[PDB]
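Structure, as structure tokens:
Just so you know, residue 1 is the first one in the sequence shown, and it goes up from there.
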Amino acid sequence: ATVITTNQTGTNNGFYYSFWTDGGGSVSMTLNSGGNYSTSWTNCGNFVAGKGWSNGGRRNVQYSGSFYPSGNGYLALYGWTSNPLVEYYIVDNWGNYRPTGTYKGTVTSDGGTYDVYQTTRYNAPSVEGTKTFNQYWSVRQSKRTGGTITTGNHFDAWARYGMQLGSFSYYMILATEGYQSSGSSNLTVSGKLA
Ligand SMILES: O[C@@H]1[C@@H](O)[C@H](O[C@@H]2CO[C@@H](O[C@@H]3CO[C@@H](O)[C@H](O)[C@H]3O)[C@H](O)[C@H]2O)OC[C@H]1O
Ligand SMILES: [Cl-]
Ligand SMILES: [Cl-]
Ligand SMILES: [Cl-]
Ligand SMILES: [Cl-]
Ligand SMILES: [Cl-]
Ligand code: NA
């Protein structure tokens, strides 16, 4: 097992991982065998951590385990595109705060209905440094921890709603995210190209 407490990306037991924190409170990620990781956080500022793939794509993502936010946290298939720069989220679980934005319609996927939203961040941290970019959101209408995410269903719905992804030149991870919160997660990811 390897504990991560400091910003970095890399590979562990055949899986890509990303850890990122603004440095508030206490945040750790433990990288275990195959696709397993755990997180522990107390009074965090903002962090995103998880395992997945060096590049995004159309992938049937299978995951399982636990996700226990006290306050604001997300469980999301998460990644970035280039040209345009986009931060994208397929959110299966959350805490006290449900992600919202400009409502674009729904998509049905993996036993659930997802609300689609677009938001925009100005001069914020990104995989290209301090940048302005849109965020694309699929938010499940009912919370869960575990199952399949057919990323194709989301990407295609986004495209029908005029939300175009760039190139899959950056990571795609099954992410734990917290904001001014405490919690834990213990997750396993796997997947294959549709
Ligand atoms: O060390 C470099 C990092 O600074 C950089 O990491 C990305 C920075 O932005 C992170 O996304 C934020 C997460 O919180 C959301 O609410 C915000 O909208 C985002 O700003 C992302 O997780 C990191 O990968 O990338 C390059 C690194 O070398
Ligand atoms: Cl649902
Ligand atoms: Cl916005
Ligand atoms: Cl500017
Ligand atoms: Cl749960
Ligand atoms: Cl499912
Ligand atoms: Na658009």
Side-chain angles (χ1 to χ4, degrees), residues 9-20 29-39 48-69 73-94 98-99 101 104-118 127 134-177 185-194:
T9 49
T11 66
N12 176 262
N13 297 305
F15 280 89
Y16 194 81
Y17 70 93
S18 176
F19 179 99
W20 178 84
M29 186 192 190
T30 312
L31 307 171
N32 293 294
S33 334
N36 186 258
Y37 79 92
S38 48
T39 75
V48 189
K51 281 190 160 168
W53 297 277
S54 65
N55 298 68
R58 296 183 74 95
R59 214 183 252 287
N60 291 19
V61 173
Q62 257 136 226
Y63 74 104
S64 56
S66 49
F67 169 73
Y68 299 129
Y74 311 148
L75 179 71
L77 193 281
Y78 172 80
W80 297 82
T81 67
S82 57
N83 287 131
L85 183 64
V86 178
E87 186 186 33
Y88 61 81
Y89 296 89
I90 308 161
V91 178
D92 273 0
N93 208 336
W94 66 89
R98 186 169 206 263
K104 291 290 194 187
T106 63
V107 57
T108 301
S109 196
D110 310 290
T113 309
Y114 293 73
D115 299 321
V116 179
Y117 305 100
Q118 184 189 119
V127 299
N134 293 328
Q135 307 165 297
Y136 302 168
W137 304 88
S138 271
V139 187
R140 202 178 171 88
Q141 275 180 2
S142 62
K143 296 178 174 189
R144 63 171 200 180
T145 305
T148 298
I149 295 162
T150 314
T151 62
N153 290 345
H154 296 280
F155 300 168
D156 288 3
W158 296 346
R160 291 197 301 274
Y161 298 158
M163 300 157 69
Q164 309 309 324
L165 281 169
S167 300
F168 289 122
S169 60
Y170 305 111
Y171 61 70
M172 186 174 91
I173 56 166
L174 184 80
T176 309
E177 176 163 354
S185 72
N186 186 338
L187 297 161
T188 303
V189 69
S190 57
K192 290 302 179 233
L193 307 202

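A distance of 13.0 Å separates OH of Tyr171 from OH of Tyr17, quoted to the nearest 0.5 Å. Between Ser142 atom OG and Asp92 atom CG the span is 9.0 Å, to the nearest 0.5 Å. Expressed to the nearest 0.5 Å, how far OH of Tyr114 lies from OG1 of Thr108 amounts to 10.0 Å. Of the inter-residue distances, the one linking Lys51 atom NZ with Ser18 atom OG reads 13.0 Å to the nearest 0.5 angstrom.
Looking at heavy atoms from C-beta onward, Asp115 lies in side-chain contact with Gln141 at the 4.5 angstrom threshold. Using a 4.5 Å heavy-atom threshold, the side chains of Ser138 and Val107 count as touching. Residues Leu187 and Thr39 are not in side-chain contact: their nearest non-hydrogen atoms beyond the backbone lie 4.5 Å or more apart. With contacts defined as side-chain heavy-atom distances shorter than 4.5 Å, the pair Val189/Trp53 qualifies. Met29 has its side chain out of reach of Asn12: every pair of non-hydrogen atoms, C-beta onward, lies at least 4.5 Å apart. Residues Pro99 and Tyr117 have side chains not in contact (no heavy-atom distance under 4.5 Å, counting atoms from C-beta outward). Residues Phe15 and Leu31 have side chains not in contact (no heavy-atom distance under 4.5 Å, counting atoms from C-beta outward).
At least one donor-acceptor pair under 3.5 Å links the side chain of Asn93 to the backbone N or O of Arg144. No donor-acceptor distance shorter than 3.5 angstrom exists from the side chain of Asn186 to the backbone of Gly65, with no hydrogens or angles considered. Put simply, the side chain of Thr188 never gets that close to the backbone of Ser64: no donor and acceptor are under 3.5 Å apart. For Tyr63 (side chain) and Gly146 (main-chain N/O), a donor-acceptor pair under 3.5 Å exists by modelled atom type. A distance-only check finds a donor-acceptor pair linking the side chain of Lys143 to the backbone of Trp94 [under 3.5 Å]. Under the 3.5 Å distance criterion, the side-chain polar atoms of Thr81 are matched with a main-chain donor or acceptor of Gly166. Listed for the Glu87 side chain is no donor-acceptor partner under 3.5 Å among the backbone atoms of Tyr136. Using modelled atom types, no side-chain atom of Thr151 and backbone atom of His154 make a donor-acceptor pair closer than 3.5 Å. With hydrogens and angles ignored, the 3.5 Å screen pairs no side-chain donor or acceptor of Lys104 with any backbone N or O of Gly162.
Between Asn153 and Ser109, the shortest heavy-atom contact is ND2-OG, 2.9 Å. A pairwise comparison of heavy atoms in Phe155 and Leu165 identifies CD2-CD1, 3.4 Å as the closest pair. When all heavy atoms of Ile173 and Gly52 are compared, the pair lying nearest together is CG2-N, 3.7 Å. The heavy-atom pair separating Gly56 from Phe168 by the smallest distance is O-CB, 3.0 Å. The shortest non-hydrogen separation linking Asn32 to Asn13 is O-ND2, 2.9 Å.
A side-chain N or O of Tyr37 and one of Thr176 form a donor-acceptor pair less than 3.5 Å apart. Neither side chain, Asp110 nor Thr148, offers a donor N or O lying under 3.5 Å from an acceptor on the other.
Within a 6.0 Å radius of OH in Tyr16, more than 12 heavy atoms belonging to other residues, nucleotides or ligands are found.
Applying side-chain contact (heavy atoms from CB on, under 4.5 Å) to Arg58 and the options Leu193, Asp156, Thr150 leaves one that passes, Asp156. When each of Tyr78, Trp137, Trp158, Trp80 is checked for a side-chain contact (heavy atoms from CB on, under 4.5 Å) with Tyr88, only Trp158 meets the rule.
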ask   = Checking side chain to side chain contact (heavy atoms under 4.5 Å, CB included) for the pair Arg59/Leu77: CA distance, chi angles, key distance, verdict?
value = CA-CA 11 Å; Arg59 214 183 252 287; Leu77 193 281; over 6 Å; no
